[PDB]
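The chain contents come next:
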There are 2 protein chains.
Amino acid sequence: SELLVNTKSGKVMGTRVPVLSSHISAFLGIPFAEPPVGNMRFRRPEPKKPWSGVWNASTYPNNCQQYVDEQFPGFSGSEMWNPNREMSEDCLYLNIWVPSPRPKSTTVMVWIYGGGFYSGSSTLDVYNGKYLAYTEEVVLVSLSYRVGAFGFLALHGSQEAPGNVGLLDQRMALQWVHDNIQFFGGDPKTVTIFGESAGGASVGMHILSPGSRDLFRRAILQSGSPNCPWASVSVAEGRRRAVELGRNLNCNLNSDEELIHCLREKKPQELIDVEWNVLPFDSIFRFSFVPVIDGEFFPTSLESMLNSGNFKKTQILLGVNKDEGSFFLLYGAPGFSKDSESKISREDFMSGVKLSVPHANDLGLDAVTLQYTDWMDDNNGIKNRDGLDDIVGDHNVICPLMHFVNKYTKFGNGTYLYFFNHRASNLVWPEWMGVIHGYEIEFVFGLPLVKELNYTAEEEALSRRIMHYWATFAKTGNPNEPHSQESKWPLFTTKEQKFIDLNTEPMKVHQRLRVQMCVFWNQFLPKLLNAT
Amino acid sequence: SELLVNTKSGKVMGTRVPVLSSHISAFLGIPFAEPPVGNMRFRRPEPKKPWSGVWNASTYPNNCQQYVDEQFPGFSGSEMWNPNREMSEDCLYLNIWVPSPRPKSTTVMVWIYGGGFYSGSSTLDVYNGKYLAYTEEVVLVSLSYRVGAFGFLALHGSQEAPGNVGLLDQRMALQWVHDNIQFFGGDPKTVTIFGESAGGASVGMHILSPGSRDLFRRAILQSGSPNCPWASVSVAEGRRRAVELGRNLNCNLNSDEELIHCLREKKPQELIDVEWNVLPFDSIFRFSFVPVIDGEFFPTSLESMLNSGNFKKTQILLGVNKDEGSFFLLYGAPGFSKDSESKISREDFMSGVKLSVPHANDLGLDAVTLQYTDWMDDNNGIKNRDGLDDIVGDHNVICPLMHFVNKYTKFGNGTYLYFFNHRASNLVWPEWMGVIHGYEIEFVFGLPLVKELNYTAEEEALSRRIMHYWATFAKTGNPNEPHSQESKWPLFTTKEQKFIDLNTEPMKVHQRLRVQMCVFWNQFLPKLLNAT
Ligand SMILES: COc1cc2cc(NC(=O)[C@@H]3CCC[C@H](NCc4ccccc4)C3)c(=O)oc2cc1OC
Ligand SMILES: COc1cc2cc(NC(=O)[C@@H]3CCC[C@H](NCc4ccccc4)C3)c(=O)oc2cc1OC
Ligand SMILES: *[C@@H]1O[C@H](CO)[C@@H](O)[C@H](O)[C@H]1NC(C)=O
Ligand SMILES: *[C@@H]1O[C@H](CO)[C@@H](O)[C@H](O)[C@H]1NC(C)=O
């Protein structure tokens, strides 16, 4: 039957799902790892023992244990990111949307969710593969991985909690797609992995890590970048945070075996309750347990890997949203509130600059401030608010991604760069927040096509325009249709540095995206801080 | 007779001079000090022994010994600043233009020439008091002072070369005006001292120095400021430069008496030949022998004097030109030439930034560069050229003057601030140079009124407009006529920070003149350099 597939791990039985007055197939909650529970918590992932019989792969799986956002209880804008299924340490599953009929060798797209490495779910309504798989004839796959302390506790030199295991989770799901996607009609030599936020930093991490490169063909990174300041810590810092997690749960801290044993005795929610207490600074856009530069998953420092062409050479498609910082100021910066225009006093701007660059000494704090303050009108709370939005977007997302895209292009086989600056017309967050972090996802997955979600026709036009760029890129390494009538999304070159707009207005091409500020973040401020 | 005046130092006989189809009186080359020759070279000035008989005060006096510009031999644009009379160490004289008939108590204006403390002449055609004295009924006085090593060699703790003597020259001329200007129909309680460049820094120095404040009423500073980075050195630096002058002339350097004796044996031109060899850096807009912060003329550091209201509280009128730096790049920066548009390579911009901020470490050099580079179009030789013009104007003139005007206004009785941005229509320098340092002088002295110098009628209108602002300010402490029809030049307040334009277009009022860049120069870069 269509909904029955003989994989190398065993048979699985999916279900027929409707999608825009037609139907396709779905295989939800397929295991790719052994459940990482008990003594396996914090351990590298093991591959799922193959099973006899048939797996009832018709319902979504548990979500992995994480912190749940309750800043705005009941508010859909915040709830759509929380787990919509019960949480279990047994989260290692993946979901396949297959067109119907089952093709024989179409393009495969693997989705990697974000959420700062401390949260995420493959099962969110905004991650639904069906609209994309159906509209573009691709096989859509979404994996899951251990987040939080469960996926990134880092006592290096120990083999019980080596770090990076949530990436190894991702890797094993990618190994399972390479081995088995052919039985779902997927071409295992045409897998494009894409992600956003932490998931975009993951996608670019698999580009760097050698153990990962041969498991996928090309890559899409959305608002994420392996070298983001929040995406990785050093071994010393990862150890310190692991030890401090132990101290919050009154653990014996003498040996690494003593810490790890103590942490496995604890229930999940006990580590989540104190997870945020181990950050070294008062900060925004910093998360506790993140990938560690370990010498194994990452052979050396990320900057030397980027300078020395030490990474998978292929094509990449990547880009940013207009107002990336505003979501994070809402959560931790003083002055901002969901229900005001959040005009920002001179004094609260000062406070935001501290929380955005928590590693900076006073002289660096002054440098940031000078660079982002209109001094002809300093006490303007809209200019102070918008300025903060740019401080957090540039430092944390846009400028580390530009650095990545300038370093990668020097050695790669193609690069396509976008600037998504369309405020969705049905957005529940205040208008001061602009074009929000993670709000292009709904267009990439084609939710505008559900003309029951209140979307303007132009936005459906935009979602189809975008979904085609993505799929055509995953299929060929160029989002442009050969012999096509629309304007061509130009390649990004070190010489000309072009990129395009993604909005309902006719496509436009600019260059050197936010270079002015990105010179400051990528080259000046690091030099200043290194100087004492 | 009109041209005969009985001063406290003796009678003097002036001459009748024509000025715009009428006539007034002039007393040229009146001594106010003993000739500072032989053993008096480098010494504080002594007052002119009074004389029997009558002084033939009808011809201009010698100019003081200085370096003569020969970068452009024959070119009037450069020659109009060189000495037009033979040079003598006996330069201590002053010149009075008196209206006719001799008024009884009109306003007195004393002019203090500039030229980096290393050059200047009271006798230049652009300093002619007659057009101003006649048009505005004021008594115009111009002093002279020892420049170069002759006026500012600084072996502190010695009484033979204590430093600052060229300012004491100025002071004695001001004491002579206070004592004697009443016999020329001048009101000695209404003396406004004005100057440009070094002369504007002098005017503001007499505001700070206590030994000077009671000798003048109010003050005009043009493109000059006591706290300019070139206007003063520390005692240690002034000693080092004095010792290095000795080393260039093969002097015994053991004792201060030995150095000073050796330097007095030398002819003047021997010190001028090597004067530039003692600067500590490769620089532009730095001069060898300048005022020294000595504890006497200046009680303490200039910044503490400005912070602690330690200065003459009165009214001041001051301002800057649009393109102050371009004159100095022409002389020492690579890429610039009198006869090209001087488009500036990326590499030669780099070189200019070095020569403009010679005291800055590499990190400071990067800060300047970042702040003044359009990174969306970095290899634009017009933007690099104009950018350099602003680097040198802001650092050396505009931003130290804004600092002065922000500190002085906090404690003073009035402040008026101008931005002179009219390119004179008959200017012999290339158009890339813009509105050049020291090219408002010709409007302040009313040379546009000579409709035989090729000036547009609008410019005569501007010169009369400006000459009236100056004189009416000197007379009252407000450039505005009471009950007048033109727009009012607003006072400068710490709150609103207004200022006006000086050009042929109808007057306009802006605020916070070049604050963006001046925050960087006055508050950020000093913090950065102090930090290691
Ligand atoms: C003391 O440190 C704490 C820090 C934080 C940070 C929280 N959240 C966030 O930083 C982010 C902000 C941006 C919106 C994002 N969700 C939407 C989203 C998800 C995925 C992709 C795209 C968009 C939540 C947080 O919920 O709780 C915290 C609690 C803390 O202590 C108890
Ligand atoms: C190695 O250091 C040297 C440095 C210099 C600098 C010279 N000149 C100037 O810096 C200035 C630049 C601006 C134009 C001004 N004159 C017009 C002016 C005069 C008064 C008020 C306003 C305007 C001359 C110079 O002539 O010769 C130099 C020779 C050097 O070594 C032999
Ligand atoms: C699969 O599990 C769900 C959830 O309990 C159940 O409702 C469904 O009928 C099951 N289907 C099969 C074929 O086992
Ligand atoms: C003053 O000196 C000049 C220059 O030598 C001379 O030509 C002039 O006639 C003299 N006048 C008097 C009155 O001495």
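In terms of determination method and resolution, the entry is listed under X-ray crystallography at 2.80003021833 Å.

**Focus on the site of ligand 1**
Residues and elements named next belong to chain A. Surveying the vicinity of ligand 1 reveals the residues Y67, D69, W81, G115, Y118, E196, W276, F327, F328, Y331 and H437. Here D69 contributes a side-chain N or O atom positioned 3.1 Å from an oxygen atom of ligand 1. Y118 has a polar side-chain atom sitting 3.4 Å from a nitrogen atom of ligand 1. The biggest single contributor to the shell around ligand 1 is helix α11 (residues 326-332), with three residues. Looking at side-chain class alone, the shell around ligand 1 contains seven nonpolar, two polar and two charged residues.

**What about the packing of helix α14 (residues 381-409) of chain A against helix α17 (residues 515-530) of chain A?**
Residues and elements named next belong to chain A. Closest axis-to-axis distance for the α14/α17 pair is 9 Å, and the angle between their directions is 85°. With respect to α17, the axis of α14 lies roughly perpendicular. Only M517, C518, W521 and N522 of α17 make contact with α14, whose side of the interface consists of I391, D394, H395, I398, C399, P400, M402 and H403. Among the residues forming the contact of α14 with α17, the class breakdown is eight nonpolar, three polar and one charged.

**Re the environment of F473 of chain A**
Within the fold, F473 of chain A resides in helix α16 (residues 457-476). Other than its neighbours up to four places away in sequence, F473 of chain A contacts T192, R218, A219, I220, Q315, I316, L317, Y416, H468, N478 and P479 of chain A.

**Remarks on the site of ligand 2**
Residues and elements named next belong to chain B. In the vicinity of ligand 2, the contacting residues are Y67, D69, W81, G115, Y118, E196, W276, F327, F328, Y331 and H437. Within the side chain of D69, an N or O atom sits 3.1 Å from an oxygen atom of ligand 2. The separation between a nitrogen atom of ligand 2 and a polar side-chain atom of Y118 is 3.4 Å. Notes on ligand 2: free accessible area 660 Å², of which the protein chains cover 73%. Per-element tally for the shell around ligand 2: the top contributor is helix α11 (residues 326-332), with three residues. Of the residues belonging to the shell around ligand 2, the class tally is seven nonpolar, two polar and two charged.

**Let's talk about the pattern of salt bridges**
Taken as a whole and judged by the stated rule, the model has 38 salt bridges over all chains. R512 of chain A is the partner of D378 of chain B in a salt bridge, and the nearest nitrogen-oxygen pair spans 2.9 Å. Placement of the pair is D378 of chain B in the loop between α13 (362-372) and α14 (381-409) and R512 of chain A in the loop between β16 (509-511) and α17, with the two residues belonging to separate chains. Residues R264 of chain B and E160 of chain B are paired through a salt bridge, measuring 3.2 Å at the closest nitrogen-oxygen approach. Linking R264 of chain B in helix α8 (residues 256-265) with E160 of chain B in the loop between α3 (149-152) and α4 (165-180), this pair joins segments that are 104 residues apart in sequence.

**Details of the sheet that holds strand β3 (residues 15-19) of chain A**
All names here are of chain A. Strand order across the open sheet formed by 11 strands is β3-β4-β8-β10-β9-β11-β12-β13-β14-β15-β16, with mixed pairing between neighbours. Each edge of the sheet is formed by a strand with only one pairing partner; in this case those strands are β3 and β16. Each adjacent strand pair in this sheet contributes to an overall mean axis angle of 25°, direction not counted. In this sheet, strand β8 (residues 93-98) lies alongside strand β4 (residues 22-31) in antiparallel orientation, the contact comprising five bridges. Paired with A26 across the two strands is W97, which belongs to β8. Where helix α2 (residues 129-136) meets the sheet, it contacts β3, β4, β8 and β10 (139-143), and its direction lies at approximately 80° from that of β3. Helix α5 (residues 198-208) rests against β9 (106-112), β11 (186-196), β12 (218-222) and β13 (316-321) of the sheet, and its axis sits at about 130° to β11.

Conventions and cut-offs
Note on numbering: positions run from 1 along each chain as its sequence is written and may not match the entry's numbering; residues without coordinates are not listed. Throughout, the order in which chains and ligands are written sets their labels, letters from A for the former and numbers from 1 for the latter. Remark: hydrogens and water are excluded; side-chain values derive from all non-hydrogen atoms of the structure. It suffices for a single heavy atom of a residue to lie within 4 Å of a molecule or strand for the residue to be listed as near it. N or O atoms within 3.5 Å of each other form a polar contact, as long as, within protein, one can give a hydrogen and the other can take it, and as long as residues adjacent in sequence are counted only when both atoms are side-chain atoms. By the criteria applied, helices consist of DSSP H or I runs no shorter than four residues and strands consist of E runs no shorter than two, each listed in order from the N terminus. Note on residue categories: nonpolar means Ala, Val, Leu, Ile, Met, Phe, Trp, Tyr, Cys or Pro, charged means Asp, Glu, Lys or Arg, and polar means any other residue, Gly included. In this description, a line fitted to the C-alpha atoms serves as the axis of each element, helices being fitted only across the stretch in contact, and the angle between N-to-C directions of two axes falls anywhere from 0 to 180 degrees. Angle categories are assigned with fixed cut-offs, so that under 35 degrees is roughly parallel, over 145 is roughly antiparallel, 65 to 115 is roughly perpendicular, and the rest are oblique. Throughout, a contact is declared for two residues whenever any of their heavy atoms are within 4.5 Å. Throughout, the Shrake-Rupley method with a 1.4 Å probe supplies accessible areas, and for residues the shown protein chains are the sole cover considered. We define a salt bridge as a side-chain nitrogen of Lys or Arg found within 4 Å of a carboxyl oxygen belonging to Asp or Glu. Strand pairing follows a simple DSSP-based rule, namely that at least 2 bridges must link the two strands.

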